[PDB]
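Notes to accompany the following structure.
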Amino acid sequence: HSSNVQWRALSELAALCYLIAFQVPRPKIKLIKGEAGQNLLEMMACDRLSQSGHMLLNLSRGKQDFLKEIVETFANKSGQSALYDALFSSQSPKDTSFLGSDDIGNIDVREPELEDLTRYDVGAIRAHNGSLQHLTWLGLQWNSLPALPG
Amino acid sequence: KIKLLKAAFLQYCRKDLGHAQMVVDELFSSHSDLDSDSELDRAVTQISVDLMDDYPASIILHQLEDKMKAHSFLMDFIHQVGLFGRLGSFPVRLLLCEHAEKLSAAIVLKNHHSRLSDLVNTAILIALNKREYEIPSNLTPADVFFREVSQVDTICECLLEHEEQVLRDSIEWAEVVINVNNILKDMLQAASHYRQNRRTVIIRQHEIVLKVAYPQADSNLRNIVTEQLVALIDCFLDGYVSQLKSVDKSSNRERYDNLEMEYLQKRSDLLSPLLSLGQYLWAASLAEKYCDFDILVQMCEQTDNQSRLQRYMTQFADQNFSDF
């Protein structure tokens, strides 16, 4: 909704967010008590990697190695305060806010591989109960890619 | 003379058991003393400082803790018997007690950290100052590397530059150049909080800023930040000590006090430019640490679209508007 200057800065900020998410490893599924619980947790993991994945790409296709710049410039702790700033009102206590205390260490800054992305999508089809919204989105996200979805 | 500083060093020994007798050797001191302020009172300063040098020259840690307590009941057995004068700080050598305190908390901060890489940079740092007795007794030693530990910092830096010449940078070699950054840092964090409970040193810090700048050129994202929050932790202790020395000196001989300003001001500019590539999320804290250095935080607000930051800067400021 906002202007262009805010868009780029915000998309820059968002690119970092999606990146942080994608980096997060697949959760330890074996560690759950039951079959239903663990399958659920994994399902969400696939959803995270898939959604963030396509976003990371669509934002990185704008420019050449656009992702590298995002990390090299905002991975700095200065970005953490610029993120808290744009998202929240600074008046709230910045101590008990998880966003301000997270240890952003060694962002992979590696664009996602299509083959990995496919198995993330396929595993997350049941993430949103297969709403035609979900699939029509994925199908469109793959509409710009050189590899087609299964 | 030596007969005097060996007579008060004998009255402090009794100043742990009782006082009456020691208070009469301080009373014999005030009547038998010289009492000409300008140097005879800096002849009993050169005595209280020659016994603080010997309580620092003194189970190597529990034995260096017993010595920060000893130099603490020696600073209490001076406040009472008084001991309310003398000061021969001059150049290179009361601030001298605090300083020898601060460096005994530094000696316990690198005693608490003992691993094979620092113990090697220390043995290289002591074999360079002189030879060691090889009758076992190989720390290779500390009780004299305390009265002078300032030197095992400028040498455990020359052993990170020869361990960086072989580093071949390659990832495990940029993890060994940060492990040392983290110790010289929290050894400077230990001298700061020992002052709250109240040109070689500096060169070795501007040397590891530049080597912490060459490495983030090739480094996994997160790591390049932790050594940046570190070189920001360290630069904020140097700029704090040049601020405290400024405030210490004022008025007449001002020419020397406005030439040392230009020197710290050409460095908060050389620490700013250095942080111009780095994250500006730390700029806000570097700008607040040397709480003006506005020219740097004012050009960080200009490079971005934060007309909100340059409004938040002028919102909390004393005449920044006439400055912006």
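For the structure tokens, the naming scheme is as follows: chains receive sequential letters (A, B, ...) according to their order of presentation, residues are indexed from 1 within each chain, and ligands are indexed from 1 in presentation order.
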
Please identify every residue of chain A that has at least one atom no more than 8 Å from any atom of chain B, counting only C-alpha atoms, and report them as a PyMOL selection string.
-> chain A and resi 5+71-82+104-109

Print the selection's residues with C-alpha atoms to a file, as a short mmCIF file (atom, residue, chain, number, x, y, z; two decimals), in the first residue's frame.
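What landed in again_27.cif:
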```
data_model
loop_
_atom_site.label_atom_id
_atom_site.label_comp_id
_atom_site.auth_asym_id
_atom_site.auth_seq_id
_atom_site.Cartn_x
_atom_site.Cartn_y
_atom_site.Cartn_z
CA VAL A 5 11.04 3.93 -1.04
CA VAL A 71 22.38 -10.21 4.33
CA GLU A 72 25.57 -8.18 3.95
CA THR A 73 23.69 -4.97 4.81
CA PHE A 74 20.90 -5.92 7.25
CA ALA A 75 22.30 -9.06 8.91
CA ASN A 76 24.12 -6.46 11.00
CA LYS A 77 22.49 -6.02 14.40
CA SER A 78 21.51 -2.57 13.11
CA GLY A 79 18.96 -4.38 10.96
CA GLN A 80 17.48 -6.07 14.03
CA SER A 81 16.65 -2.61 15.38
CA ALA A 82 15.43 -1.47 11.95
CA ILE A 104 21.01 -13.89 14.17
CA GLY A 105 24.11 -16.00 13.57
CA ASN A 106 25.61 -16.97 10.21
CA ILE A 107 22.71 -16.43 7.82
CA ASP A 108 23.22 -19.04 5.10
CA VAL A 109 22.49 -16.45 2.37
#
```

Excluding same-chain residues fewer than 5 positions from stretch 52-69 of chain A, what lies within 8 Å of it counting only C-alpha atoms, as a list in words?
-> residues 11, 15, 18, 19, 21, 22, 109, 110, 111, 112, 117 and 141 of chain A

Would you mind exporting N, CA, C and O atoms of the selected residues as a PDB file, in the first residue's frame?
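Writing done, so here's part06.pdb:
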```
ATOM      1  N   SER A  11      10.624  -4.623   1.603  1.00  0.00           N
ATOM      2  CA  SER A  11      10.922  -5.886   0.936  1.00  0.00           C
ATOM      3  C   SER A  11      12.322  -6.360   1.296  1.00  0.00           C
ATOM      4  O   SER A  11      12.544  -7.554   1.534  1.00  0.00           O
ATOM      5  N   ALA A  15      12.731  -9.801   2.964  1.00  0.00           N
ATOM      6  CA  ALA A  15      13.656 -10.799   2.434  1.00  0.00           C
ATOM      7  C   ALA A  15      14.504 -11.409   3.542  1.00  0.00           C
ATOM      8  O   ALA A  15      14.726 -12.625   3.572  1.00  0.00           O
ATOM      9  N   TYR A  18      12.086 -13.857   5.649  1.00  0.00           N
ATOM     10  CA  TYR A  18      11.929 -15.133   4.960  1.00  0.00           C
ATOM     11  C   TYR A  18      13.225 -15.935   4.995  1.00  0.00           C
ATOM     12  O   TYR A  18      13.209 -17.155   5.198  1.00  0.00           O
ATOM     13  N   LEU A  19      14.356 -15.262   4.781  1.00  0.00           N
ATOM     14  CA  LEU A  19      15.648 -15.936   4.838  1.00  0.00           C
ATOM     15  C   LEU A  19      15.850 -16.598   6.195  1.00  0.00           C
ATOM     16  O   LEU A  19      16.163 -17.791   6.277  1.00  0.00           O
ATOM     17  N   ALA A  21      13.675 -17.538   8.279  1.00  0.00           N
ATOM     18  CA  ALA A  21      12.762 -18.674   8.365  1.00  0.00           C
ATOM     19  C   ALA A  21      13.298 -19.871   7.592  1.00  0.00           C
ATOM     20  O   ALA A  21      13.406 -20.977   8.135  1.00  0.00           O
ATOM     21  N   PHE A  22      13.642 -19.671   6.316  1.00  0.00           N
ATOM     22  CA  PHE A  22      14.109 -20.784   5.497  1.00  0.00           C
ATOM     23  C   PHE A  22      15.316 -21.465   6.128  1.00  0.00           C
ATOM     24  O   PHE A  22      15.430 -22.697   6.099  1.00  0.00           O
ATOM     25  N   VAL A 109      22.493 -17.273   3.576  1.00  0.00           N
ATOM     26  CA  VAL A 109      22.491 -16.446   2.370  1.00  0.00           C
ATOM     27  C   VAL A 109      22.719 -17.304   1.128  1.00  0.00           C
ATOM     28  O   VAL A 109      23.487 -16.936   0.233  1.00  0.00           O
ATOM     29  N   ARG A 110      22.041 -18.450   1.063  1.00  0.00           N
ATOM     30  CA  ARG A 110      22.083 -19.337  -0.094  1.00  0.00           C
ATOM     31  C   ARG A 110      20.677 -19.472  -0.661  1.00  0.00           C
ATOM     32  O   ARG A 110      19.769 -19.940   0.034  1.00  0.00           O
ATOM     33  N   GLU A 111      20.498 -19.067  -1.917  1.00  0.00           N
ATOM     34  CA  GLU A 111      19.194 -19.191  -2.548  1.00  0.00           C
ATOM     35  C   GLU A 111      18.758 -20.658  -2.565  1.00  0.00           C
ATOM     36  O   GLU A 111      19.594 -21.565  -2.607  1.00  0.00           O
ATOM     37  N   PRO A 112      17.451 -20.914  -2.534  1.00  0.00           N
ATOM     38  CA  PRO A 112      16.967 -22.296  -2.451  1.00  0.00           C
ATOM     39  C   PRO A 112      17.096 -23.050  -3.765  1.00  0.00           C
ATOM     40  O   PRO A 112      17.043 -22.471  -4.854  1.00  0.00           O
ATOM     41  N   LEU A 117      12.771 -27.443  -3.100  1.00  0.00           N
ATOM     42  CA  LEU A 117      11.506 -26.723  -3.009  1.00  0.00           C
ATOM     43  C   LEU A 117      10.332 -27.625  -3.368  1.00  0.00           C
ATOM     44  O   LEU A 117       9.303 -27.619  -2.684  1.00  0.00           O
ATOM     45  N   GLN A 141       3.300 -19.648  -8.412  1.00  0.00           N
ATOM     46  CA  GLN A 141       4.692 -19.412  -8.039  1.00  0.00           C
ATOM     47  C   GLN A 141       5.638 -20.190  -8.943  1.00  0.00           C
ATOM     48  O   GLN A 141       6.727 -19.708  -9.279  1.00  0.00           O
TER      49      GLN A 141
END
```

Using only C-alpha atoms, which residue out of B:322, B:165, B:307, B:197 lies closest to residue B:211?
->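 Selected residue with least distance to residue B:211: B:165.
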
Which residues, written as a PyMOL selection string, have at least one atom at most 10 Å from residue B:290, with only C-alpha atoms counted and residues fewer than 6 positions away on the same chain left out?
-> chain B and resi 235-240+242-243+265+268

Hey, which of B:151, B:320, B:276, B:104 ends up closest to residue B:68? Count only C-alpha atoms.
->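 Among the listed residues, B:104 lies closest to residue B:68.
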
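The two atoms in question, atom CA of residue A:147 and atom CA of residue A:134, are spaced 18.9 Å apart.
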
Mind checking DSSP for chain A and telling me the alpha helix (DSSP H) residues as an MDAnalysis selection string?
-> chainID A and resid 4:23 35:60 66:74 77:87 98:101 114:124 132:141

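Restricting the calculation to only C-alpha atoms, the smallest distance between residue B:199 and any of B:111, B:92, B:43, B:136 is found for B:92.
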